[PDB]
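To keep things clear, I will list the structure first and then write my remarks on it.
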Amino acid sequence: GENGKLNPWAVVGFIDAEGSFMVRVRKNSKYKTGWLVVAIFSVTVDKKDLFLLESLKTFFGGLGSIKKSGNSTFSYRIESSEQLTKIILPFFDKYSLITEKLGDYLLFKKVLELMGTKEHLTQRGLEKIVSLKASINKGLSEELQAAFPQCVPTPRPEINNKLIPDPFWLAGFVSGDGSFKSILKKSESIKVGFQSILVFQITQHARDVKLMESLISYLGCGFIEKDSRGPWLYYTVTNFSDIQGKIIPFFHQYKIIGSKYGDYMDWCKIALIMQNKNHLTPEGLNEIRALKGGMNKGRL
DNA sequence: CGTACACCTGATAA
DNA sequence: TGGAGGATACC
DNA sequence: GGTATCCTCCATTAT
DNA sequence: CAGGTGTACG
Ligand SMILES: [Mg+2]
Ligand SMILES: [Mg+2]
């Protein structure tokens with residue numbers, strides 16, 4: 001129903017999906033440079049996945065804090081300079097991210113390195129950090145642009161050929177950014193009136209096209225599509241015999257984490273109904289409507 | 001009859 | 001996801 | 001005082 | 001993230 005056992009690669013996949021490596025630069029006249037510099041490792045989940053966050057914190061030796069983030073989410077954060085260098089850098093240096101977020105990790109590392117020698121407390125170290133920050137995530141705020149107009153952003157790392165490092169990386173990535181979809185489509189030709197469809201789908205910004213492409217190869221099925229509405233891609237599997245013979249047995253062994261694991265189990269029950277051909281009877285169709293109801297957004 | 005890829009639309013924590 | 005403001009602990 | 005961390009909340013887009 | 005539709009094709 002709910003799964004929180006953690007393997008290093010699953011952690012990496014989950015953070016590739018859900019994590020952020022952040023640097024705040026805050027105006028504050030009480031500091032010698034005029035600015036306060038903070039590095040933050042963050043991951044946020046829906047409140048129904050608190051158990052997952054508590055596992056993550058245990059996984060990182062009990063460091064950091066879990067707090068309400070928005071109406072129905074909770075953050076796990078590490079923001080001690082010292083603890084990030086001691087615990088978090090060595091983990092991600094050994095077990096590395098493979099999406100574009102690796103670029104942000106590596107700039108973030110560099111900041112921490114500067115913070116390590118307290119250079120952040122100097123005019124020069126500060127400027128270097130402003131340059132690093134300018135290329136992390138959303139870049140400089142209006143306030144920072146204005147205060148450091150001469151800042152050249154540091155070139156974003158060019159990290160190529162990033163292969164899926166381990167099957168558990170995929171279980172973790174899918175836990176954050178994947179979907180086990182059950183679809184009922186009105187149909188004029190099926191006797192029962194609706195076609196039951198199972199779709200496995202991974203969503204990701206087009207910046208990671210190469211990685212999305214390599215999933216077809218890695219899973220030996222599926223295809224890639226572009227969202228009409230902006231720079232986002234789906235890796236999709238709709239072919240039921242691929243769902244039965246490739247997707248389902250993969251995630252049976254490399255388990256989804258967090259409550260999405262329950263949704264995967266329910267998706268597998270639908271698949272069984274379909275495998276037995278009972279989806280083409282009113283009874284079978286109604287079992288599937290009831291499973292669907294309680295999965296994903298229907299789950300209590 | 002029934003499936004599946006190409007295409008569509010909405011909600012929202014992440 | 002990625003970010004912010006105000007407060008307080010730490011040294 | 002200088003510096004480092006805690007605590008609470010938020011807009012927008014990538015899911 | 002997730003839930004829907006058209007329609008070519010076996
Ligand atoms: Mg993501
Ligand atoms: Mg996500």
Side-chain angles (χ1 to χ4, degrees), chain A residues 14-15 17-49 64-75 77-84 99-101 104 115 118 120-121 133 136-141 143 174-208 222-234 236-243 258 260 263 274 277 279-280 292-293 295-298:
Chain A
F14 196 66
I15 304 306
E18 296 306 302
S20 303
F21 297 94
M22 299 184 276
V23 170
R24 297 188 73 173
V25 175
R26 300 178 62 172
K27 187 177 301 190
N28 194 317
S29 60
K30 277 160 288 224
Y31 296 74
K32 279 157 103 304
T33 73
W35 302 85
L36 159 60
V37 175
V38 201
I40 300 91
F41 171 60
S42 188
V43 43
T44 301
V45 303
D46 186 84
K47 52 193 214 300
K48 76 199 153 43
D49 282 326
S65 306
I66 296 167
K67 296 280 180 79
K68 183 189 180 165
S69 187
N71 260 73
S72 56
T73 61
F74 276 78
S75 249
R77 278 178 178 180
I78 302 165
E79 69 164 276
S80 150
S81 227
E82 200 188 338
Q83 299 314 144
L84 290 165
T99 61
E100 266 294 303
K101 184 179 312 290
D104 295 303
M115 290 180 81
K118 315 275 214 272
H120 61 291
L121 298 178
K133 174 173 169 76
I136 290 159
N137 299 335
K138 289 292 139 220
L140 314 174
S141 60
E143 189 186 35
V174 174
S175 302
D177 281 342
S179 194
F180 300 94
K181 313 198 291 165
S182 167
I183 306 283
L184 288 161
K185 180 177 175 296
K186 180 75 216 146
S187 155
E188 251 79 313
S189 56
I190 298 191
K191 292 192 295 227
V192 295
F194 291 90
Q195 176 193 357
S196 169
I197 289 168
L198 289 190
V199 176
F200 169 74
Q201 193 160 249
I202 300 172
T203 307
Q204 200 76 180
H205 193 92
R207 70 187 188 160
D208 268 302
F223 50 97
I224 263 76
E225 26 182 25
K226 195 190 166 291
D227 196 295
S228 280
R229 294 165 299 175
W232 324 297
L233 301 187
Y234 308 96
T236 310
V237 183
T238 172
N239 189 286
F240 182 71
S241 70
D242 286 334
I243 279 169
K260 191 180 291 286
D263 298 320
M274 291 177 60
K277 309 299 186 167
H279 61 305
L280 323 159
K292 264 178 59 71
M295 71 198 264
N296 298 336
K297 281 138 38 61

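We use all heavy atoms of the structure for the numbers below, so side chains are in, but hydrogens, waters and symmetry mates are not. Order of the sequence lines fixes the chain letters, A, B, ..., with proteins taken first and strands second; residue numbering starts at 1 for each chain.
- Between A:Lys138 and C:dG2 there is no side-chain polar atom (N or O) within less than 4.0 angstrom of OP1 or OP2.
- No engagement by A:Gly230 is indicated, since no non-hydrogen atom pair under 4.0 Å with the nucleic acid exists.
- Contact annotation for A:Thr44: base contact, defined as any heavy-atom pair under 4.0 Å involving a base atom.
- At a threshold of 4.0 angstrom between heavy atoms, the contacts of A:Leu121 are confined to the sugar-phosphate backbone, with no base atom among them.
- The closest side-chain donor-acceptor pair between A:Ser179 and A:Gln201, if any, does not fall under 3.5 angstrom.
- Between A:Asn239 and B:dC5 there is a side-chain polar atom (N or O) within less than 4.0 angstrom of OP1 or OP2.
- The residue among A:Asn71 and A:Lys118 whose nearest nucleotide of DNA chain D lies closer to the 5′ end is A:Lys118.
- Nearest approach of A:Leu198 to A:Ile243, heavy atoms of both residues: O-CD1, 3.0 Å.
- Nucleotides of DNA chain D nearest to A:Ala17 and A:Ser65 differ in position, and the one nearer the 5' end is that of A:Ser65.
- Backbone-only engagement by A:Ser141 is indicated by non-hydrogen atom pairs under 4.0 Å involving sugar-phosphate atoms exclusively.
- A:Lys30 comes within 4.0 angstrom of a base, heavy atoms only.
- Across all strands shown, A:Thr238 has heavy atoms under 4.0 Å from base atoms, whether or not it also approaches the sugar-phosphate.
- Looking at A:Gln204 and A:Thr99, their side chains never bring a donor and an acceptor atom within 3.5 Å of each other.
- Counted by atom type alone, A:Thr44 and A:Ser75 present one or more donor-acceptor pairs between their side chains at under 3.5 Å.
- For A:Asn28, the CG atom counts as densely surrounded, since its 6.0 Å shell holds more than 12 non-hydrogen atoms of other residues, nucleotides or ligands.
- At the heavy-atom level, A:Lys101 lies under 4.0 Å from the strands shown only through sugar-phosphate atoms.
- At a threshold of 4.0 angstrom between heavy atoms, the contacts of A:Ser187 with the nucleic acid are absent.
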Taking N or O atoms only and anything under 3.5 Å, show me the protein contacts with nucleotides 8-11 of chain C, one pair per line.
none

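- Within the nucleic acid shown, A:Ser42 has no heavy atom closer than 4.0 Å to any nucleic acid atom.
- Going from the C1' atom of D:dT8 to that of E:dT5 covers 44 Å, rounded to whole Å.
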Inset, instruction - Scan nucleotides 2-10 of chain E nucleotide by nucleotide, 5' to 3', and note B when protein non-hydrogen atoms come under 4.0 Å of the base, S if they reach only the sugar-phosphate, - if neither. - result: BBBBBB---
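- At a threshold of 4.0 angstrom between heavy atoms, the contacts of A:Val45 are confined to the sugar-phosphate backbone, with no base atom among them.
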